[PDB]
Amino acid sequence: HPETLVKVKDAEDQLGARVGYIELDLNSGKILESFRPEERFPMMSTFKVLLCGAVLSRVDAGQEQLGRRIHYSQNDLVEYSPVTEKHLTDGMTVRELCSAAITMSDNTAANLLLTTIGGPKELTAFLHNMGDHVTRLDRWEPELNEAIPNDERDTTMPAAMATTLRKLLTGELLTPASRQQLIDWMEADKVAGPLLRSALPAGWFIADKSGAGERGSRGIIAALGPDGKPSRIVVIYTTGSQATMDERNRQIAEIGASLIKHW
């Protein structure tokens, strides 16, 4: 509803920053509302949903096992690795690493998973193959969050991200099981409080992933709906703001509040 665009434009004014926005009908795939749909934004940790989709695609084809233990060392640990830093000595299974990447935004877990699938180049190929011709990963954690102005590396567009998220959670790309497994990881999201979850009415469904990066970058991708079922996808990205994290979160939460009000 264009009332939601009011809030998006408000966020732009408040943040001194570009904001990209998509509301997409999950069933039909029709873009319901949009703001900068074909502009590039850094994905930040929102890429970890696509990463784990690529992992599950391999699991589906017999090339990977969720139960396979991955070993790693102190050499592998990057900034913000709450789960992996605990299991250095034990290693972690592919399953546990996707859980950690998605639910905890664990950077090292994402790096380890990237390695199993062939790096950002194969994540990009995967995405291209599934019909996303703009989304690209080029770097690894933590460099991918750099959000250099006019840098196309590690970017998506809101429209492509929305469409990709729909294909992953509800298309024929993944098996019904892998879909549900991706959704499960996203539904247990433990760091995405302040954005869309904070505005979601009791009884509603949400499977989300958020990101934050340098240069004020912040974003979230979500499948959500009432009566405990997802019926729409929301994509919100922003970059360039000098606003505090709390200030950015509040702006993103207000857009959330509006799309719910105008559901």
Checklist entry - Which pairs in the list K190/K261; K209/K261; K229/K261; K209/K229 are over 20 Å apart, alpha-carbon to alpha-carbon? => result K190/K261; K209/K261
Item to check | Sorted peptide list for 232-241, 74-83, criterion being average Cβ within 10 angstrom, highest first | outcome: 232-241, 74-83
Checklist outcome for this item: In deg cm²/dmol, rounded to the nearest 500, the helical mean residue ellipticity at 222 nm of the chain, built from -39500 (n - 2.57) for every DSSP H run of length 4 or more, is -12000 deg cm²/dmol
Next on the checklist: Let me make sure I get this right: for the range 1-110, a, b and c are the square roots of the gyration tensor eigenvalues over alpha carbons, sorted descending. Under 1.5 in a/c it's rounded, otherwise prolate if a/b > b/c, else oblate. Which is it?
Outcome noted: oblate
Checklist entry - Considering the zone a paramagnetic label at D151 would reach in this model (a point 7 Å from Cα along the Cα-to-Cβ line), which residues of the range 15-33 have amide N under 17 Å from it? => result none
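Show me the trypsin sites (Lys or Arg not before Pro) within the range 146-180 that DSSP assigns to loop and that have at most 16 other Cβ atoms within 10 Å of their Cβ.
Passing both the DSSP loop test and the Cβ count: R153.
Taken together, the values in this text are just the output of simple stated rules run on the coordinates, not laboratory data. Cβ: placed from backbone, ideal geometry, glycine included. Neighbour counts: every protein chain shown.
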